[PDB]
file model.pdb (PDB, C-alpha atoms)
ATOM      1  CA  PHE A   4      -0.544  -9.247  28.814
ATOM      2  CA  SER A   5      -2.632 -11.925  30.496
ATOM      3  CA  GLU A   6      -6.380 -12.396  30.206
ATOM      4  CA  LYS A   7      -8.995 -14.739  31.675
ATOM      5  CA  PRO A   8     -11.044 -16.089  28.707
ATOM      6  CA  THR A   9     -14.833 -16.313  28.625
ATOM      7  CA  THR A  10     -14.923 -19.310  26.286
ATOM      8  CA  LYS A  11     -15.636 -22.858  27.495
ATOM      9  CA  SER A  12     -13.088 -25.664  27.052
ATOM     10  CA  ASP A  13     -13.780 -29.228  25.817
ATOM     11  CA  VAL A  14     -12.719 -31.805  28.397
ATOM     12  CA  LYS A  15     -12.260 -35.562  28.037
ATOM     13  CA  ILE A  16     -11.107 -37.865  30.822
ATOM     14  CA  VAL A  17      -8.728 -40.556  29.643
ATOM     15  CA  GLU A  18      -7.405 -43.643  31.442
ATOM     16  CA  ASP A  19      -4.456 -45.697  30.393
ATOM     17  CA  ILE A  20      -1.858 -48.069  31.721
ATOM     18  CA  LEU A  21       1.736 -46.869  31.736
ATOM     19  CA  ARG A  22       4.713 -48.622  33.266
ATOM     20  CA  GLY A  23       2.100 -50.986  34.611
ATOM     21  CA  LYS A  24       0.293 -48.216  36.477
ATOM     22  CA  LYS A  25      -3.413 -47.484  36.108
ATOM     23  CA  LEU A  26      -3.552 -43.743  35.545
ATOM     24  CA  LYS A  27      -6.319 -41.252  34.791
ATOM     25  CA  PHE A  28      -5.979 -37.886  33.067
ATOM     26  CA  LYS A  29      -8.255 -34.943  32.505
ATOM     27  CA  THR A  30      -7.428 -33.702  28.926
ATOM     28  CA  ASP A  31      -8.638 -30.589  27.105
ATOM     29  CA  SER A  32      -9.041 -29.593  23.458
ATOM     30  CA  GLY A  33      -6.714 -26.637  24.008
ATOM     31  CA  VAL A  34      -3.898 -28.890  25.175
ATOM     32  CA  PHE A  35      -1.776 -31.443  23.344
ATOM     33  CA  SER A  36      -3.143 -34.966  22.921
ATOM     34  CA  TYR A  37      -6.775 -34.298  23.729
ATOM     35  CA  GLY A  38      -8.754 -37.475  24.373
ATOM     36  CA  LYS A  39      -5.955 -40.064  24.376
ATOM     37  CA  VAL A  40      -2.435 -40.640  25.556
ATOM     38  CA  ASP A  41      -0.123 -39.869  22.655
ATOM     39  CA  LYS A  42       1.626 -42.918  21.135
ATOM     40  CA  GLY A  43       4.998 -41.178  21.187
ATOM     41  CA  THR A  44       4.548 -40.167  24.781
ATOM     42  CA  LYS A  45       3.581 -43.743  25.714
ATOM     43  CA  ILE A  46       6.662 -45.210  24.038
ATOM     44  CA  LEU A  47       8.892 -42.652  25.760
ATOM     45  CA  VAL A  48       7.359 -43.284  29.191
ATOM     46  CA  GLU A  49       7.633 -47.061  28.853
ATOM     47  CA  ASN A  50      11.284 -46.902  27.825
ATOM     48  CA  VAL A  51      12.806 -44.225  30.007
ATOM     49  CA  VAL A  52      15.082 -45.543  32.756
ATOM     50  CA  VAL A  53      15.063 -43.650  36.038
ATOM     51  CA  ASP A  54      16.771 -43.958  39.421
ATOM     52  CA  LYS A  55      15.131 -43.479  42.837
ATOM     53  CA  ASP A  56      17.406 -40.494  43.557
ATOM     54  CA  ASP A  57      16.724 -38.650  40.301
ATOM     55  CA  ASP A  58      15.440 -35.086  40.157
ATOM     56  CA  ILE A  59      13.623 -34.961  36.833
ATOM     57  CA  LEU A  60      12.175 -32.368  34.505
ATOM     58  CA  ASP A  61       9.235 -33.133  32.176
ATOM     59  CA  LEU A  62       9.578 -30.366  29.611
ATOM     60  CA  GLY A  63       6.446 -29.350  27.712
ATOM     61  CA  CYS A  64       4.367 -31.436  30.075
ATOM     62  CA  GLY A  65       0.926 -30.882  28.598
ATOM     63  CA  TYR A  66      -1.566 -32.440  31.008
ATOM     64  CA  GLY A  67       1.180 -34.275  32.839
ATOM     65  CA  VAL A  68       1.564 -37.797  31.508
ATOM     66  CA  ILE A  69       5.348 -38.150  31.752
ATOM     67  CA  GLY A  70       5.770 -36.560  35.168
ATOM     68  CA  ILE A  71       2.800 -38.390  36.657
ATOM     69  CA  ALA A  72       3.832 -41.778  35.231
ATOM     70  CA  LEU A  73       7.304 -41.433  36.736
ATOM     71  CA  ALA A  74       6.725 -39.456  39.961
ATOM     72  CA  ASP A  75       6.659 -42.364  42.410
ATOM     73  CA  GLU A  76       9.891 -43.781  41.001
ATOM     74  CA  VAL A  77      12.171 -40.779  41.508
ATOM     75  CA  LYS A  78      13.261 -38.195  44.085
ATOM     76  CA  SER A  79      11.552 -35.114  42.637
ATOM     77  CA  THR A  80       9.630 -34.133  39.546
ATOM     78  CA  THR A  81       9.222 -30.745  37.891
ATOM     79  CA  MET A  82       6.656 -30.489  35.076
ATOM     80  CA  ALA A  83       6.816 -27.348  32.948
ATOM     81  CA  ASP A  84       4.748 -25.890  30.122
ATOM     82  CA  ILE A  85       4.033 -22.534  28.585
ATOM     83  CA  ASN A  86       0.296 -23.323  28.240
ATOM     84  CA  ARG A  87      -1.539 -22.171  31.415
ATOM     85  CA  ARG A  88      -4.428 -24.516  30.806
ATOM     86  CA  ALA A  89      -1.912 -27.399  30.595
ATOM     87  CA  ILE A  90      -0.397 -26.375  33.933
ATOM     88  CA  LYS A  91      -3.875 -26.355  35.495
ATOM     89  CA  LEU A  92      -4.689 -29.831  34.175
ATOM     90  CA  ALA A  93      -1.357 -31.316  35.263
ATOM     91  CA  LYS A  94      -1.959 -30.027  38.818
ATOM     92  CA  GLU A  95      -5.459 -31.526  38.785
ATOM     93  CA  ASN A  96      -4.094 -34.789  37.392
ATOM     94  CA  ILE A  97      -1.609 -35.114  40.264
ATOM     95  CA  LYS A  98      -4.729 -35.338  42.486
ATOM     96  CA  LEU A  99      -6.536 -37.810  40.218
ATOM     97  CA  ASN A 100      -3.638 -40.194  40.606
ATOM     98  CA  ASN A 101      -3.036 -39.952  44.364
ATOM     99  CA  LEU A 102       0.474 -38.536  44.014
ATOM    100  CA  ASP A 103       0.073 -35.887  46.682
ATOM    101  CA  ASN A 104       2.702 -37.650  48.834
ATOM    102  CA  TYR A 105       5.523 -37.017  46.365
ATOM    103  CA  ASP A 106       7.798 -34.087  45.582
ATOM    104  CA  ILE A 107       6.133 -32.832  42.408
ATOM    105  CA  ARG A 108       5.752 -29.285  41.187
ATOM    106  CA  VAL A 109       4.135 -27.847  38.065
ATOM    107  CA  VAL A 110       5.672 -24.613  36.801
ATOM    108  CA  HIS A 111       4.675 -22.185  34.069
ATOM    109  CA  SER A 112       7.713 -21.784  31.799
ATOM    110  CA  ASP A 113       8.670 -20.724  28.273
ATOM    111  CA  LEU A 114      10.963 -23.673  27.591
ATOM    112  CA  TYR A 115      13.518 -23.713  30.459
ATOM    113  CA  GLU A 116      13.143 -20.096  31.481
ATOM    114  CA  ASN A 117      11.371 -20.634  34.798
ATOM    115  CA  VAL A 118      12.887 -23.952  35.919
ATOM    116  CA  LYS A 119      16.564 -23.080  36.132
ATOM    117  CA  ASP A 120      16.407 -22.875  39.936
ATOM    118  CA  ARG A 121      17.856 -26.375  40.168
ATOM    119  CA  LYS A 122      19.819 -28.933  38.173
ATOM    120  CA  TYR A 123      18.337 -32.223  36.994
ATOM    121  CA  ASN A 124      19.413 -35.825  36.607
ATOM    122  CA  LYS A 125      16.983 -36.352  33.748
ATOM    123  CA  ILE A 126      15.202 -34.071  31.280
ATOM    124  CA  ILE A 127      12.429 -35.974  29.469
ATOM    125  CA  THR A 128      10.413 -34.569  26.613
ATOM    126  CA  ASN A 129       8.125 -35.195  23.628
ATOM    127  CA  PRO A 130       9.103 -31.965  21.861
ATOM    128  CA  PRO A 131       6.883 -29.896  19.563
ATOM    129  CA  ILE A 132       7.865 -30.377  15.905
ATOM    130  CA  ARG A 133       5.973 -27.776  13.873
ATOM    131  CA  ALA A 134       7.764 -25.150  15.977
ATOM    132  CA  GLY A 135      10.845 -25.853  13.879
ATOM    133  CA  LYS A 136      14.364 -27.200  14.304
ATOM    134  CA  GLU A 137      15.672 -24.068  16.062
ATOM    135  CA  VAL A 138      13.433 -24.759  19.047
ATOM    136  CA  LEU A 139      14.456 -28.422  19.009
ATOM    137  CA  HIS A 140      18.147 -27.474  19.031
ATOM    138  CA  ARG A 141      17.553 -25.092  21.910
ATOM    139  CA  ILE A 142      15.928 -27.844  23.991
ATOM    140  CA  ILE A 143      19.098 -29.883  23.531
ATOM    141  CA  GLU A 144      21.737 -27.189  23.991
ATOM    142  CA  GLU A 145      20.157 -25.446  26.994
ATOM    143  CA  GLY A 146      19.287 -28.838  28.418
ATOM    144  CA  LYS A 147      22.951 -29.729  28.743
ATOM    145  CA  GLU A 148      23.496 -26.682  30.947
ATOM    146  CA  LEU A 149      20.787 -27.860  33.344
ATOM    147  CA  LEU A 150      21.917 -31.439  33.752
ATOM    148  CA  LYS A 151      23.909 -32.728  36.694
ATOM    149  CA  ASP A 152      27.052 -34.676  35.838
ATOM    150  CA  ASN A 153      26.034 -38.024  34.280
ATOM    151  CA  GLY A 154      22.552 -36.611  33.787
ATOM    152  CA  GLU A 155      20.618 -37.574  30.667
ATOM    153  CA  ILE A 156      18.193 -35.972  28.248
ATOM    154  CA  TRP A 157      15.567 -38.257  26.683
ATOM    155  CA  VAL A 158      13.479 -37.295  23.685
ATOM    156  CA  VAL A 159      10.954 -39.052  21.484
ATOM    157  CA  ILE A 160      10.700 -38.010  17.843
ATOM    158  CA  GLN A 161       9.113 -39.544  14.767
ATOM    159  CA  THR A 162      11.624 -41.563  12.801
ATOM    160  CA  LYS A 163      13.624 -41.408   9.592
ATOM    161  CA  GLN A 164      15.590 -38.281   8.804
ATOM    162  CA  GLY A 165      13.923 -36.255  11.571
ATOM    163  CA  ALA A 166      15.193 -38.458  14.355
ATOM    164  CA  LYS A 167      18.512 -38.776  12.478
ATOM    165  CA  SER A 168      19.027 -35.028  12.156
ATOM    166  CA  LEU A 169      18.219 -34.557  15.835
ATOM    167  CA  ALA A 170      20.469 -37.468  16.905
ATOM    168  CA  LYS A 171      23.334 -35.833  14.978
ATOM    169  CA  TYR A 172      22.741 -32.563  16.800
ATOM    170  CA  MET A 173      22.538 -34.297  20.185
ATOM    171  CA  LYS A 174      25.866 -36.020  19.461
ATOM    172  CA  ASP A 175      27.258 -32.625  18.429
ATOM    173  CA  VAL A 176      26.204 -31.084  21.719
ATOM    174  CA  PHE A 177      26.774 -33.945  24.172
ATOM    175  CA  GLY A 178      29.514 -35.959  22.509
ATOM    176  CA  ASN A 179      27.203 -38.989  22.494
ATOM    177  CA  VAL A 180      23.723 -40.166  21.553
ATOM    178  CA  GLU A 181      21.912 -43.453  21.680
ATOM    179  CA  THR A 182      18.742 -44.768  20.125
ATOM    180  CA  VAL A 183      17.011 -46.538  22.972
ATOM    181  CA  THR A 184      14.078 -47.807  21.032
ATOM    182  CA  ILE A 185      12.352 -47.545  17.674
ATOM    183  CA  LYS A 186       8.710 -48.491  17.656
ATOM    184  CA  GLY A 187       5.893 -47.760  15.203
ATOM    185  CA  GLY A 188       7.733 -44.915  13.515
ATOM    186  CA  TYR A 189       8.940 -43.315  16.764
ATOM    187  CA  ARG A 190      12.464 -43.170  18.081
ATOM    188  CA  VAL A 191      13.556 -42.598  21.681
ATOM    189  CA  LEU A 192      16.927 -40.824  21.808
ATOM    190  CA  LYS A 193      19.100 -40.426  24.892
ATOM    191  CA  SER A 194      22.290 -38.359  25.491
ATOM    192  CA  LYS A 195      24.363 -38.256  28.718
ATOM    193  CA  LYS A 196      26.177 -35.262  30.181
ATOM    194  CA  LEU A 197      29.877 -36.110  30.468
TER     195      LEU A 197
END
call {"tool": "encode", "arguments": {"input": "model.pdb", "output": "structure tokens"}}
result
Amino acid sequence: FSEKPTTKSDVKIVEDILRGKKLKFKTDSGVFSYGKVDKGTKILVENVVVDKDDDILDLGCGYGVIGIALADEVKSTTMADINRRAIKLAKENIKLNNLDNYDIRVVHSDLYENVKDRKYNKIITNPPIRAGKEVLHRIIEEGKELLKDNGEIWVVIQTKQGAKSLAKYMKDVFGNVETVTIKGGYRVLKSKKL
């Protein structure tokens, strides 16, 4: 069931520079990366390559960093999260960054469940880890089904055997995987549909 809480939320406004853009984000203690832009997310956002005609999906968007940082560079952006507070903040953050003139939507979704109304050129995500490898594998396998031909899925994951195990699975599923960057213990992995 759904319920509207009585409890207050802790909010912290954070500014950062991503892809050379000066952005501002309202963050909340009940949402991932409260009070600062996550290092993994920053590395992913700086390294992802997008095309002006791409329809992209920011999976597990939190307060919206990835979608917001890329919105003006692509054709359309869908940000999705299961956390309702996250959804609210991402919508508010679209306004804080003057992106109202772009095709951006924020959708409540348990993984891909509510965003399968279109196909995407890119699926970009900083996936949850404590949730376990089964959820990680699902992000990869179901992701392939939602990508347009030549589409790509981009993930950031903390290095060593974790990134290696996931890369192996991505190669299993897609028939290819590439390490785009390794920085400060984080790896950005990319697989293409084809």
call {"tool": "closest_residue", "arguments": {"input": "model.pdb", "among": "A:26, A:175, A:189, A:31", "to": "residue 13 (chain A)", "atoms": "all atoms listed in the file"}}
result
A:31
call {"tool": "residues_around", "arguments": {"input": "model.pdb", "residues": "residue 62 (chain A)", "least_positions_apart": "2", "cutoff": "8 Å", "atoms": "only C-alpha atoms", "output": "list in words"}}
result
residues 60, 64, 82, 83, 84, 114, 115, 126, 127, 128, 129 and 130 of chain A
call {"tool": "resolve_selection", "arguments": {"input": "model.pdb", "expression": "the PyMOL selection byres ((chain A and resi 32) around 9)", "output": "MDAnalysis selection string"}}
result
chainID A and resid 12:15 30:31 33:38
call {"tool": "resolve_selection", "arguments": {"input": "model.pdb", "expression": "the PyMOL selection byres ((chain A and resi 88) around 9)", "output": "list in words"}}
result
residues 31, 33, 34, 65, 66, 85, 86, 87, 89, 90, 91, 92 and 93 of chain A
call {"tool": "residues_around", "arguments": {"input": "model.pdb", "residues": "region 120-125 of chain A", "least_positions_apart": "2", "cutoff": "6 Å", "atoms": "only C-alpha atoms", "output": "PyMOL selection string"}}
result
chain A and resi 57-59+118+149-151+154-156
call {"tool": "resolve_selection", "arguments": {"input": "model.pdb", "expression": "the PyMOL selection byres ((chain A and resi 135-148) around 7)", "output": "ChimeraX atom specification"}}
result
/A:132-134,149-150,173,176,196
call {"tool": "axis_aligned_box", "arguments": {"input": "model.pdb", "around": "region 88-106 of chain A", "padding_each_side": "3 Å", "output": "JSON"}}
result
{"center_x": 0.6, "center_y": -32.4, "center_z": 39.7, "size_x": 20.3, "size_y": 21.7, "size_z": 24.2}
